[PDB]
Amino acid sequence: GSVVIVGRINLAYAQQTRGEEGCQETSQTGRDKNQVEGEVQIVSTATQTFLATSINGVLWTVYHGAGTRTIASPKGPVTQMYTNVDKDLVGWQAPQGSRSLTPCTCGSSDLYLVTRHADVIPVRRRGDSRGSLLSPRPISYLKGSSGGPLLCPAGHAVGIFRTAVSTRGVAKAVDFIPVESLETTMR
């Protein structure tokens, strides 16, 4: 079926636009004539819910979430533009009404992760695709936030939340797809 937009996060505050009946319906129809807004979208399949983030006019998220699914749009289902499984990466054309995040070039190592509750979580950049959490978190607290953005102090995109780095059920750090690798994927 289709990936369906069921909410959005404005930059922070989250909003929901669609429920289980609507989501079950639109996952199946692929037709979503709903207004789109925001930089991060809350997105659902029939089984999973996570985040997706618009960068370079492309809406990016994780493959472990999206698979090869099409996305629901006002004119019908839209196929993926990018599918790079070894990056756990998929991308569709950013739907009308989304605004893309601007890539970070300030080189800051003080990052801020946005969760599906529109909570903003401090990260210390530890390297290209790695960030350590200042306060470690339970895995289930961060479940549903993959595909969501890591920002710099200025509000620029540093990457897309992919995997959590866990010891004994506690996330001590985050793995993210950097904005440069999206560039690489696009070319």
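All residue numbers refer to positions in the sequence shown, first residue = 1.
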{"query": "Length class of the unmodelled deposited segment, which would lie between residue 11 and residue 12", "finding": "4 to 9"}
{"query": "Stretch exceeding the other in mean C-alpha B-factor - 78-86, 106-114", "finding": "106-114"}
{"query": "Given 52-60 and 151-159, the range whose Cα B-factors average higher in the PDB entry", "finding": "151-159"}
{"query": "Which of 65, 122, 30, 38 ranks first by CA B-factor in the deposited coordinates", "finding": "38"}
{"query": "34, 132, 44, 140, ranked by C-alpha B-factor: the highest one", "finding": "34"}
{"query": "Third of chain Cα B-factors occupied by residue 5", "finding": "highest"}
{"query": "Chain thirds of CA B-factor: placement of residue 72", "finding": "highest"}
{"query": "Residue 164 - Cα temperature factor, lowest/middle/highest third of chain", "finding": "lowest"}
{"query": "For residue 179, the third of its chain into which the C-alpha B factor falls", "finding": "lowest"}
